[PDB]
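# this one's a deposited entry, sequence included:
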2 protein chains.
Amino acid sequence: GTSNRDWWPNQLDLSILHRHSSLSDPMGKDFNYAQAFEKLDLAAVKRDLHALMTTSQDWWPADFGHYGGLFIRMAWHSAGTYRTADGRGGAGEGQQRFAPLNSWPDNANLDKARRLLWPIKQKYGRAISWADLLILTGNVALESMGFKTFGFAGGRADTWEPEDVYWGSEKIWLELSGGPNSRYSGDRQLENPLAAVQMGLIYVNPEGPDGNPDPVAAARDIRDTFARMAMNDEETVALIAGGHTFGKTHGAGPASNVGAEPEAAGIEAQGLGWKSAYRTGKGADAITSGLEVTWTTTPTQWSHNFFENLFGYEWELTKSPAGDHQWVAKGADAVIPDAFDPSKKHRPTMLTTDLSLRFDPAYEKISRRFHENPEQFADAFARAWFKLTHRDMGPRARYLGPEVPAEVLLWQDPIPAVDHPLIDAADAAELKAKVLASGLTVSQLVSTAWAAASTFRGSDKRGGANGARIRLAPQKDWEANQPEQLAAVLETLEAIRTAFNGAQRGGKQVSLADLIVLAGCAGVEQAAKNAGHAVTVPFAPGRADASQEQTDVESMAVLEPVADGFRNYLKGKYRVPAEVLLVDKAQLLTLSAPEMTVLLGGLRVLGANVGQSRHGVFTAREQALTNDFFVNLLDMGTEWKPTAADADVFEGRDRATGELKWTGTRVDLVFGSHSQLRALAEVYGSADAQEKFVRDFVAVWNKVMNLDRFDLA
Amino acid sequence: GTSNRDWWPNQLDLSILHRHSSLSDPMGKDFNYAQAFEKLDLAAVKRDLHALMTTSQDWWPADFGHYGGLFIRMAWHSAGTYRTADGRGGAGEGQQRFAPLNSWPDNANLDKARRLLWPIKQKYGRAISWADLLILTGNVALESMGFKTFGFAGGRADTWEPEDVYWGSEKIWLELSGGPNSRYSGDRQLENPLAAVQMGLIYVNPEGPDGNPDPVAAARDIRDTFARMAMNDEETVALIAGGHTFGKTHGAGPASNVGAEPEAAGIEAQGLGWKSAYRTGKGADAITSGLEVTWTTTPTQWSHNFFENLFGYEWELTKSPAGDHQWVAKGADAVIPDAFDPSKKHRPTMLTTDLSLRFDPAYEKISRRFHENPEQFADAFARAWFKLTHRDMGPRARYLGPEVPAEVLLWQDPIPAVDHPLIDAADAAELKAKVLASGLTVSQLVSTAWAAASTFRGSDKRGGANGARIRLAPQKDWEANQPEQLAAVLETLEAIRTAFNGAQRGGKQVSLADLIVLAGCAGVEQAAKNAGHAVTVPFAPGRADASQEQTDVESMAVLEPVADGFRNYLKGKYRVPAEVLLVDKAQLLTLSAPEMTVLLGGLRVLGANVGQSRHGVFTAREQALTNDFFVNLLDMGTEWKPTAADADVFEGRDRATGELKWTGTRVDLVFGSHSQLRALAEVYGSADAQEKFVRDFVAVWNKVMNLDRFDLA
Ligand code: HEM
Ligand code: HEM
Ligand SMILES: [Cl-]
Ligand SMILES: [Cl-]
Ligand code: NA
Ligand code: NA
């Protein structure tokens, strides 16, 4: 069937904003996963998982009699798709069970692992999500094998459809770099927001870059990809060596024996894939990656044998039975156990990427320290394993259950506890009036609260106005945030704050984070008053102020908005058209198309544009909350043409006289061009729509202000 | 960005079932368009529409000073996409304003027409939908030019994204037949469900079949496509001749002057397209189809001139200024007015397809009768214009406003009014006990009510259990309905009915339509009892019984289910895989994926399969309402393989012994294979789900039973 995407393959796609409807969700609209999970008997779940570890099924026999290595790999791949650039990927939505991830080559045979878990999932039902179960099972595998984990939090609710993620533009699985859709340019520069070297890999190629078995060059790719998953050198070494303490790779025969991935397989495969013609197709004959490496002498027990082997041998380049590059220990004895024949042993073996940990000079120093001090290795690995598996969960307020680590970690963007009474409705009224009486304008108030709140992304639940991190490095100096203007606003609000807090009794105080939001609420009310309309904007107190010492500045950099169409802002020129970037930002804000539309039309007339640009300010009553953006954009009396100077800036002239009325960007004008967005603009631009426009603007402003308010969840 | 569709282009698409969520809809979730429309000042709207007729805009100047012809074409194309096969297309959702229809070649410059209507749309806002406005406008155009219409109903609520329609598989606009994705095979047999000859045409090619200017062969295409739009010969002649009494075609210069269609146009085009480089690009210089034909001496007034011209001249094949085939009257004087120059006159001209109305022998007889009896022509055209424009609106109960024709028309599938007291809760309990005491089984009661109710399709709001048409030709003889079994159930129910009605006082009676539905309810209650569960199934009385004479047998044929996955039924072999057919049926039933899933799993265990097939009957307690379907489907103790005899029938064997446990079709097993479906099946197959499954089943069963209940709207 030919589709709109076939005919107009470059038209903007709004369907990413309308996923996750109540239509596709099998749970009722009142289901609350946290409420379910809080009553789960987590101990019982863990005892069933522990038993599973050594209960082999004949359709996918357990290596060494123990599924622990398979389950560790499963959980590491569940988490391992995460990119810090956008927050997308990660284990937090259980997306490994859907396309495309369920059928990535790097996820081969994890269909088997998830199938092994169906009995437990079935037993406990809605009280444990697949998302949570995949991570838990990796923890229980680690515990079963003698490794002490750092902890575990539940609360990842299941999803019901694939997420819309850009995983790259290649049309061939695993394509090597330098093709027509290459994700590399320049001197091996991986395109943002990608965090993997080839389409369908988690991070890097285990043979080496584009298959070249050089451990030093492989180290470069490990470092870059892991940094793009928010891990530093110590964490990276700890994770790789920790993982590879357990289990084995699978490459018993040629890869041409392996059939279709799950999304391509026949209906009778019942959701499994990679069926193999090689001998038994499983167990001793399994083929997963094509590599055939077993790292340690006790693949089912925590040890410090990975580093003992890595440093205790010299390594020779060899080939697996599938023809893939791997390494074997020179002159070694057969000391590694076979996975099924108790009378066979094997020489130590390594991947190219394992040897990176000894041949890259910076990794070698960490690896030596870990070899000499295995306690330090165990602690780093437990910490890194927790971070890997929790990095996309969001604020600690979302962590559920009895095994949550009490230690607050800097990567969590921690928010201090509130230990004092909160302002009430009358206090909030008093503060809104004090803010308006200070002389701060509607545009200042709206712009400041927008800047604070709109760092939130729903991909990994980072950002938002809680913390008042807008007053700290680096947010206070981001271009989009207009650093000098911002500092002036913040000084005025901090003086209101000090005067209000100094007058209270009883311990009551207001945080700066709450006052920033409240002040933006005052600005929105005042703009509505300026248009002739009395409205109250909802506000919920309870935000707290984080310190600079509780803020990792380097980690906060990925939250900078380099394109923010809601402020008509683009920090530089990108290949992706600005309208596409607006829909991307709206998805990370969790907005629907109607919410995006209302919000942007209102922001334009409120004065939220960076630099007070007139682009899209289609009103003669700026700082009044009216639907003038939509009425004026849709007026057929105005003709639009791209300027000579800049093809992405447009002049709006009266069609009869030629007189200049307005200017706009692509982000403004898309609302008059895209057929679905124009239809939305028409509802807000109609003569009956002033009340609707105000109410729906107030609703979406409050939604944005509350995106990180999981303390009210 | 490579997408799942790129990787697995033949995987089934469930997003068609979650279109039209509350996420994409800008109106609040309680907006009721009927209520808005009922308060519209329709007379005011009509006065504004009359004024617009002759208010020419310089960006698209009015032909003859009057936009009536353009607006009639606009309305006819809005309606013209309707296919009787699936009920899809038509005017009823205003889809001409969305892709792909806004950019079809046959809809060229209708973007202009719609833009002319924005000021009225803006003025009246939500109280008139685009969908209603496009039809009303065409009515006002006809009235303005002297033609009395048969009436008008409002109530077409707007939609907010494109509908998912199969329009064909060609990848080239306008592709002629016999290509790699030909919609024609055999002796000019158009593939169902298509109702147009080329991709991006409304019905037929105005030059003739594949561009060959043969009026006789064009007539054949006209007849077949119009019949696929529910129109017979008389209606077809009336509509073509009636339309072509007005306006003109546009082909002032070569088509190569015309630029990108709206979905391809630049952002500055602000939603318009087909900008032309020919001279002034508009008005006298307009290029729409490429043809240059003006049919009558008075193109802005109702006349009898069409048929005077068609019969009064002999016709010569010529070429328009764009090179396209058309006809000119031999030896005629220049009697047809020019659209813009009062000093220019033109000879009469005709399209190939207009000449079809004279050269096809059956159409000639109607055309002559219309030429000789103009009042017959006017009345037939009025009636046919009403049908055209209302054929997809559904039952009369949906018709709104002061201009609704009182006359009941056969094509409306009329349902008599209820003129007696209805059964109450005590009566419903008494009837359900009678039904259960008769010996009708769960399987029979469920199957019969399913058969009755599941004829409904939301595309054109035809079908459903109201009317008790299951007892009439042709429904009573459809194979999917199990005609012998059906007859036996109906006889039993009709005797219950007679006995109950004969005992009443006052006028109270129960219709057979109600009793069939109530009896299906009793069957579901009984199946719950058989599973150990108390359950209450909602029922709403008020259905009435239509007569055979109120049921057009040939129009009913398109409602026959040739594939009904819910009954594991496929009447023959189709090219489209059966699980795609199931999702298509779910879309017509208005079901989401979770409702399709629950419903099918329940139906399997209740005995609703045609012929009592065991395919999918994954329970040892048939006729008990349980979640067994899901629990057994998902049991990894079972291995599935296609049979030798039939690749579309699968055997489920115990994995350890080989013993046969079940058999299933593709429609059964897709719930275990498709990653999104399987995720849904897992929720219902979990150990905590029996109660959820029963309550969700009852809800969706009730939903189906009430799909056509617009008397309760
Ligand atoms: C440079 C980064 C990494 C590379 C290239 C990589 C590569 C792979 C490969 C190719 C396999 C074999 C798949 C098979 O044939 O069955 C695998 C297995 C495995 N990996 Fe990694 N790995 C990386 C990091 C990790 C990390 C971070 C962890 C966890 C902390 C992990 C844990 C495992 C485990 C436990 C197995 C064994 C699976 C089994 O016993 O079935 N790996 N690795
Ligand atoms: C065999 C079926 C039909 C064919 C092939 C056909 C073809 C066309 C074509 C090619 C045009 C010219 C487009 C342009 O260049 O502007 C057109 C114009 C138009 N048609 Fe038809 N037509 C059909 C039936 C209809 C019907 C059923 C109606 C309405 C009842 C209708 C009403 C009109 C009107 C009013 C115009 C004039 C538009 C204007 O003045 O701008 N036609 N027709
Ligand atoms: Cl994601
Ligand atoms: Cl449709
Ligand atoms: Na994420
Ligand atoms: Na329809």
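Noted; the coordinates are in hand. Numbers count the residues shown, from 1 in each chain, chains lettered A, B, ... in the order given. Ligands and ions are numbered 1, 2, ... in the order given.

# let me see the domain layout of chain A.
A:1-167+A:373-407, A:168-372, A:408-564+A:689-713, A:565-688 (curated CATH domains).

# how about those in JSON lines, adding mean neighbour count and distance to ligand 6?
In this view, the C-beta of every residue, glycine as well, is placed from N, C-alpha and C. Listed next are the domains of chain A as JSON lines, based on neighbours: other CB atoms under 10 Å in any protein chain shown; distance: least, CB to the ion, whole Å:
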{"stretch": "domain A:1-167+A:373-407", "mean neighbour count": "20", "distance to ligand 6": "17"}
{"stretch": "domain A:168-372", "mean neighbour count": "19", "distance to ligand 6": "31"}
{"stretch": "domain A:408-564+A:689-713", "mean neighbour count": "19", "distance to ligand 6": "28"}
{"stretch": "domain A:565-688", "mean neighbour count": "20", "distance to ligand 6": "18"}
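
# turn those into JSON lines, including distance to residue B:493.
As requested, the domains of chain A are arranged in JSON lines below (distance: least, CB to CB, whole Å):
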{"stretch": "domain A:1-167+A:373-407", "distance to residue B:493": "35"}
{"stretch": "domain A:168-372", "distance to residue B:493": "39"}
{"stretch": "domain A:408-564+A:689-713", "distance to residue B:493": "50"}
{"stretch": "domain A:565-688", "distance to residue B:493": "47"}
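
# and whichever residue of the stretch 501-650 of chain A sits closest to ligand 2, its phi and psi?
Nearest residue of the stretch 501-650 of chain A to ligand 2: residue A:636, at 19.1 Å (CB to the nearest ligand atom). The phi/psi pair for residue A:636 (degrees, to the nearest 10) reads phi -70, psi -10.

# touching, residue A:66 and residue A:54? I think so.
Yes. Using CB atoms under 8 Å, residue A:66 makes contact with residue A:54 at a distance of 5.5 Å.

# now the residue of the stretch 501-650 of chain A closest to ligand 2: closest residue in space, sequence neighbours ignored.
Once flanking residues are discounted, residue A:636 sits nearest to residue B:115: 6.1 Å by CB to CB, 6 or more residues apart in numbering or on different chains.

# where does that neighbour sit, in terms of helix or strand?
Assessed by DSSP states H and E, residue B:115 sits inside helix B:110-116.

# what packs against that helix?
The helices and strands touching helix B:110-116, judged by 3 or more CB pairs under 8 Å, 6 or more residues apart in numbering or on different chains; DSSP states H and E, are helix B:68-80.

# ok, the helix it packs on near chain A or not?
No. Using CB under 8 Å from any CB of the partner chain, helix B:68-80 stays clear of chain A, coming no nearer than 15.2 Å.

# give me the residues contacting that helix.
B:53, B:62-63, B:90-91, B:94, B:96, B:106-107, B:109-110, B:112-114, B:131, B:134-135, B:137-142, B:144-145, B:202-203, B:229, B:239, B:243, B:246-248, B:299-300, B:388-389, B:391-392 (CB atoms under 8 Å, 6 or more residues apart in numbering or on different chains).

# can you do 7 Å?
B:53, B:63, B:90-91, B:96, B:106-107, B:110, B:113, B:134-135, B:137-138, B:141-142, B:144-145, B:202-203, B:243, B:246-248, B:299-300, B:388-389 (CB atoms under 7 Å, 6 or more residues apart in numbering or on different chains).

# doesn't residue A:612 make contact with residue A:569?
No. Contact between residue A:569 and residue A:612 fails when scored by CB atoms under 7 Å: they sit 11.9 Å apart.

# about what we covered before: how close does the residue nearest to residue A:636 get to ligand 5?
42 Å (CB to the ion, to the nearest Å).

# just checking, that residue touches residue A:635?
No. Between residue B:115 and residue A:635 there is no contact under CB under 7 Å: 11.2 Å.

# OK, contacts around the residue most central in space within chain A?
In chain A, the centroid-proximal residue (CA atoms, centre = their mean) is residue A:87; its distance is 2.2 Å. Contacts of residue A:87 were listed using CB under 7 Å, 6+ apart, and they are A:392, A:457, A:459-460, A:462.

# of those, list those near ligand 5.
A:392, A:459-460 (CB under 5 Å from the ion).

# isn't residue A:313 right up against residue A:332?
Yes. Taking CB under 7 Å as the definition, residue A:313 is a contact partner of residue A:332 at 5.7 Å.

# what touches both of those two?
residue A:348.

# what sits against the residue lying closest to residue A:214 once chain neighbours are set aside?
The spatially closest residue to residue A:214, leaving aside those adjacent along the chain, is residue A:208, at 5.2 Å (CB to CB, 6+ apart). Residue A:208 makes contact with A:214, A:217-218, A:325, A:352, according to CB under 7 Å, 6+ apart.

# mind checking how far residue A:304 is from residue A:160?
Here residue A:304 is placed at a distance of 43 Å from residue A:160 (CB to CB, to the nearest Å).

# show me what contacts the residue nearest to residue A:335 when sequence neighbours are not counted?
By the measure of CB to CB, 6+ apart, the closest residue to residue A:335 outside its immediate chain neighbours is residue A:297, 5.5 Å from it. Contacts for residue A:297 (CB under 7 Å, 6+ apart) come out as A:305, A:335-337.

# okay, and which of the residues you listed map to strands?
Of the contacts of residue A:297, the ones assigned to strands by DSSP state E are A:336-337.

# can you list the contacts of residue A:297 in JSON lines and add distance to residue A:190?
Listed next are the contacts of residue A:297 as JSON lines, based on distance: CB to CB, whole Å:
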{"residue": "A:305", "distance to residue A:190": "33"}
{"residue": "A:335", "distance to residue A:190": "38"}
{"residue": "A:336", "distance to residue A:190": "34"}
{"residue": "A:337", "distance to residue A:190": "38"}
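
# strands of chain A, start to end?
With DSSP E as the criterion, chain A has strands spanning A:184-185, A:189-190, A:315-319, A:325-329, A:336-337, A:345-346, A:349-350, A:563-564, A:569-570, A:638-642, A:649-654, A:660-665.

# ok, which of the ones you listed comes nearest residue B:584?
strand A:563-564 (39.6 Å; CB to CB).

# same for that closest one, what does it pack against?
helix A:578-588 (3 or more CB pairs under 7 Å, 6 or more residues apart in numbering or on different chains; DSSP states H and E).

# let me know the angle separating the helix it packs on from strand A:660-665.
60 degrees (axes from the mean of the first three to the mean of the last three CA atoms, to 10 degrees).

# chain center to helix A:578-588, what's the gap?
In terms of CA atoms, centre = their mean, to the nearest Å, the centre of helix A:578-588 is found 15 Å from the chain centre.

# other SSEs contacting it?
Helix A:578-588 packs on strand A:563-564, helix A:666-669, going by 3+ CB pairs under 7 Å, 6+ apart.

# contacting residues around the first one?
In this case it means strand A:563-564. In contact with strand A:563-564 (CB under 7 Å, 6+ apart) are residues A:454, A:480, A:569-570, A:574, A:578, A:581, A:585.

# what does the last one give?
Contacts made with helix A:666-669 from outside it, assessed by CB under 7 Å, 6+ apart, are listed as A:565, A:568, A:577-579, A:582, A:615-616, A:640, A:648, A:650, B:267.

# settle this for me: residue A:410 is touching residue A:552, isn't it.
Yes. Counting by CB under 7 Å, residue A:410 touches residue A:552, with 5.2 Å between them.

# mind listing the helices for the stretch 101-250 of chain A?
For the stretch 101-250 of chain A, the helices defined by DSSP state H, counting those that start in this stretch occupy A:110-116, A:118-124, A:130-144, A:215-227, A:233-243.
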